[PDB]
file my_file-v4.cif (mmCIF, C-alpha atoms)
data_input
#
loop_
_atom_site.label_atom_id
_atom_site.label_comp_id
_atom_site.auth_asym_id
_atom_site.auth_seq_id
_atom_site.Cartn_x
_atom_site.Cartn_y
_atom_site.Cartn_z
CA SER A 1512 0.38 176.98 158.24
CA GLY A 1513 2.00 178.34 155.11
CA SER A 1514 1.90 181.84 156.57
CA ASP A 1515 4.68 184.39 156.28
CA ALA A 1516 5.10 184.22 160.05
CA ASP A 1517 5.89 180.50 159.62
CA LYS A 1518 8.22 181.14 156.67
CA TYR A 1519 10.39 184.00 157.88
CA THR A 1520 12.61 184.30 160.94
CA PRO A 1521 13.11 187.91 162.06
CA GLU A 1522 16.36 188.25 163.98
CA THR A 1523 16.58 190.89 166.64
CA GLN A 1524 19.46 193.00 167.74
CA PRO A 1525 19.76 195.08 170.91
CA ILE A 1526 18.52 198.65 170.67
CA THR A 1527 20.43 201.41 172.43
CA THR A 1528 18.27 204.41 173.23
CA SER A 1529 18.80 207.76 174.87
CA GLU A 1530 17.08 208.98 178.02
CA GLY A 1531 13.34 208.44 177.73
CA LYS A 1532 13.17 208.11 173.93
CA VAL A 1533 11.37 205.20 172.24
CA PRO A 1534 12.98 204.34 168.89
CA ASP A 1535 11.51 202.86 165.73
CA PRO A 1536 10.98 199.15 166.52
CA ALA A 1537 12.33 198.40 163.05
CA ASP A 1538 15.70 199.31 164.60
CA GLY A 1539 15.40 196.12 166.63
CA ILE A 1540 15.20 193.84 163.61
CA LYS A 1541 18.57 192.82 162.21
CA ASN A 1542 17.40 191.18 158.97
CA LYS A 1543 14.58 193.40 157.64
CA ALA A 1544 15.86 192.92 154.10
CA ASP A 1545 15.06 189.21 154.50
CA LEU A 1546 11.39 189.91 155.00
CA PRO A 1547 8.64 190.65 152.47
CA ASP A 1548 8.34 194.15 151.10
CA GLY A 1549 6.01 196.23 153.23
CA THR A 1550 6.54 194.16 156.35
CA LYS A 1551 5.54 196.25 159.39
CA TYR A 1552 7.29 196.68 162.75
CA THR A 1553 5.35 197.71 165.86
CA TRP A 1554 6.10 197.91 169.54
CA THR A 1555 3.78 195.19 170.85
CA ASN A 1556 3.32 197.04 174.14
CA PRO A 1557 3.84 200.75 173.47
CA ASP A 1558 3.12 201.83 177.06
CA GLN A 1559 5.66 199.37 178.45
CA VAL A 1560 8.53 200.35 176.18
CA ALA A 1561 7.70 204.01 176.76
CA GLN A 1562 7.99 203.55 180.52
CA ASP A 1563 10.98 201.21 180.35
CA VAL A 1564 13.13 203.68 178.43
CA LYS A 1565 12.71 206.22 181.25
CA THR A 1566 14.84 204.11 183.57
CA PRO A 1567 18.39 202.72 183.27
CA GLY A 1568 18.78 199.17 182.21
CA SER A 1569 18.58 196.55 179.50
CA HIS A 1570 14.85 196.02 179.13
CA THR A 1571 13.14 193.11 177.43
CA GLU A 1572 10.56 194.31 174.92
CA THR A 1573 8.55 192.71 172.16
CA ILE A 1574 8.21 193.79 168.55
CA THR A 1575 5.31 192.64 166.39
CA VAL A 1576 6.31 191.89 162.81
CA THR A 1577 3.25 192.17 160.53
CA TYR A 1578 3.59 190.41 157.22
CA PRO A 1579 1.67 191.19 154.04
CA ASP A 1580 -0.41 188.03 154.35
CA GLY A 1581 -1.86 189.17 157.67
CA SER A 1582 0.18 186.80 159.82
CA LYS A 1583 2.44 188.23 162.49
CA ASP A 1584 5.40 187.26 164.59
CA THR A 1585 6.24 188.80 167.94
CA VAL A 1586 9.96 188.78 168.73
CA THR A 1587 11.91 189.75 171.82
CA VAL A 1588 14.47 192.54 171.81
CA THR A 1589 16.53 194.36 174.39
CA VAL A 1590 16.14 198.13 174.69
CA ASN A 1591 19.04 199.72 176.57
CA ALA A 1592 18.57 202.96 178.45
CA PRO A 1593 21.74 204.51 179.87
CA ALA A 1594 22.70 204.07 183.47
CA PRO A 1595 24.90 206.50 185.37
CA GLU A 1596 28.43 205.19 185.05
CA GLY A 1597 31.21 205.72 187.52
CA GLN A 1598 34.56 207.18 186.66
CA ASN A 1599 37.71 207.12 188.71
CA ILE A 1600 38.62 210.38 190.39
CA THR A 1601 41.46 211.66 192.52
CA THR A 1602 41.35 214.07 195.43
CA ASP A 1603 43.75 215.54 197.96
CA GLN A 1604 43.85 213.98 201.41
CA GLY A 1605 41.03 215.49 203.42
CA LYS A 1606 39.05 216.84 200.44
CA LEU A 1607 35.74 215.29 199.46
CA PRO A 1608 34.96 215.93 195.77
CA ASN A 1609 31.61 216.94 194.40
CA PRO A 1610 29.98 213.50 193.88
CA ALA A 1611 28.93 214.53 190.38
CA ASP A 1612 32.64 214.44 189.43
CA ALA A 1613 32.56 210.65 189.87
CA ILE A 1614 29.87 210.12 187.21
CA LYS A 1615 31.23 209.87 183.69
CA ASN A 1616 28.01 210.24 181.68
CA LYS A 1617 25.99 212.96 183.45
CA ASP A 1618 25.01 214.25 180.01
CA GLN A 1619 23.15 211.00 179.35
CA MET A 1620 20.95 211.37 182.45
CA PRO A 1621 17.63 213.22 182.42
CA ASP A 1622 17.95 216.98 182.56
CA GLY A 1623 17.88 218.00 186.20
CA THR A 1624 19.51 214.87 187.57
CA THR A 1625 21.56 215.59 190.68
CA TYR A 1626 24.15 213.74 192.70
CA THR A 1627 24.93 213.07 196.31
CA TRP A 1628 27.31 210.88 198.28
CA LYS A 1629 25.29 207.97 199.60
CA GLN A 1630 28.50 206.65 201.13
CA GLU A 1631 31.41 209.05 201.12
CA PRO A 1632 34.89 207.73 200.41
CA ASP A 1633 37.15 208.10 203.42
CA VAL A 1634 39.37 210.94 202.23
CA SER A 1635 41.22 211.39 205.52
CA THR A 1636 43.34 208.38 204.54
CA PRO A 1637 45.58 208.35 201.43
CA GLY A 1638 45.07 205.48 199.03
CA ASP A 1639 42.25 203.99 197.02
CA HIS A 1640 38.73 204.22 198.38
CA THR A 1641 35.30 203.44 197.10
CA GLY A 1642 32.23 205.54 197.65
CA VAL A 1643 28.63 205.31 196.51
CA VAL A 1644 27.13 208.18 194.55
CA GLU A 1645 23.36 208.44 194.60
CA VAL A 1646 21.97 209.63 191.27
CA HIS A 1647 18.73 211.53 191.83
CA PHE A 1648 16.42 211.51 188.82
CA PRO A 1649 13.79 214.26 188.41
CA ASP A 1650 11.00 211.68 188.56
CA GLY A 1651 12.05 210.69 192.08
CA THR A 1652 13.88 207.48 191.24
CA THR A 1653 17.47 207.08 192.32
CA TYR A 1654 20.45 205.00 191.25
CA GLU A 1655 23.49 204.05 193.32
CA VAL A 1656 26.88 203.95 191.66
CA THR A 1657 29.99 202.57 193.28
CA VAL A 1658 32.93 204.78 192.34
CA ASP A 1659 36.68 204.73 192.92
CA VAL A 1660 38.37 207.68 194.58
CA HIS A 1661 42.12 207.90 194.91
CA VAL A 1662 43.35 210.08 197.74
CA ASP A 1663 46.79 211.64 197.38
CA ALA A 1664 48.75 212.02 200.57
CA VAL A 1665 49.31 215.64 201.53
#

call {"tool": "encode", "arguments": {"input": "my_file-v4.cif", "output": "structure tokens"}}
result
Amino acid sequence: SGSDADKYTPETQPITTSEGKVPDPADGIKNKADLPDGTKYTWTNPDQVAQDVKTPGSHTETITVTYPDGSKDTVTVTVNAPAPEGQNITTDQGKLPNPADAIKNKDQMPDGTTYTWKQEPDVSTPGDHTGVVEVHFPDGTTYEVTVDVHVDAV
């Protein structure tokens, strides 16, 4: 059509965000310098990206690229919100750790997130065990994390 949208090819790159924060959609475009001066970048669905960033995962979002000729291109980008990550821990035979100890990035979870054992590791037996930590978000959602617990013989 001879439009800018037909001429240019915006390339996306994954966006990593922090808990609940929507970034500038321009952050999702790898080759902004390729595009005309004054090209605009907009979250195509602001409500969706706002809700998606409040939960762990790699979420598919769309960015609208508005060109100076009035044409537009809507591209797909990943927005990554942190998930609770397990870390290996060690405990004495018989002792069940605080489940929070088995989560490596508690600081990346929403303020007020708490932790339980959904499935406790069997600490009465020395050796390597897995347990499941339940991550309890303030908004009432939860996340299960399989974690490794080494039990030292006593």

call {"tool": "resolve_selection", "arguments": {"input": "my_file-v4.cif", "expression": "the PyMOL selection byres ((chain A and resi 1580-1584) around 12)", "output": "PyMOL selection string"}}
result
chain A and resi 1512-1523+1540+1546-1555+1573-1579+1585-1587

call {"tool": "closest_residue", "arguments": {"input": "my_file-v4.cif", "among": "A:1558, A:1525, A:1531, A:1604", "to": "residue 1622 (chain A)", "atoms": "all atoms listed in the file"}}
result
A:1531

call {"tool": "resolve_selection", "arguments": {"input": "my_file-v4.cif", "expression": "the PyMOL selection byres ((chain A and resi 1653) around 12)", "output": "ChimeraX atom specification"}}
result
/A:1566-1567,1594-1595,1620-1621,1624-1627,1629,1644-1652,1654-1656

call {"tool": "closest_residue", "arguments": {"input": "my_file-v4.cif", "among": "A:1596, A:1538, A:1563, A:1631", "to": "residue 1610 (chain A)", "atoms": "only C-alpha atoms"}}
result
A:1631

call {"tool": "residues_around", "arguments": {"input": "my_file-v4.cif", "residues": "region 1658-1661 of chain A", "least_positions_apart": "6", "cutoff": "12 Å", "atoms": "only C-alpha atoms", "output": "ChimeraX atom specification"}}
result
/A:1595-1615,1628-1645

call {"tool": "atom_distance", "arguments": {"input": "my_file-v4.cif", "atom1": "CA of residue 1543 (chain A)", "atom2": "CA of residue 1562 (chain A)"}}
result
25.9 Å

call {"tool": "atom_distance", "arguments": {"input": "my_file-v4.cif", "atom1": "CA of residue 1542 (chain A)", "atom2": "CA of residue 1529 (chain A)"}}
result
23.0 Å

call {"tool": "atom_distance", "arguments": {"input": "my_file-v4.cif", "atom1": "CA of residue 1616 (chain A)", "atom2": "CA of residue 1561 (chain A)"}}
result
21.8 Å
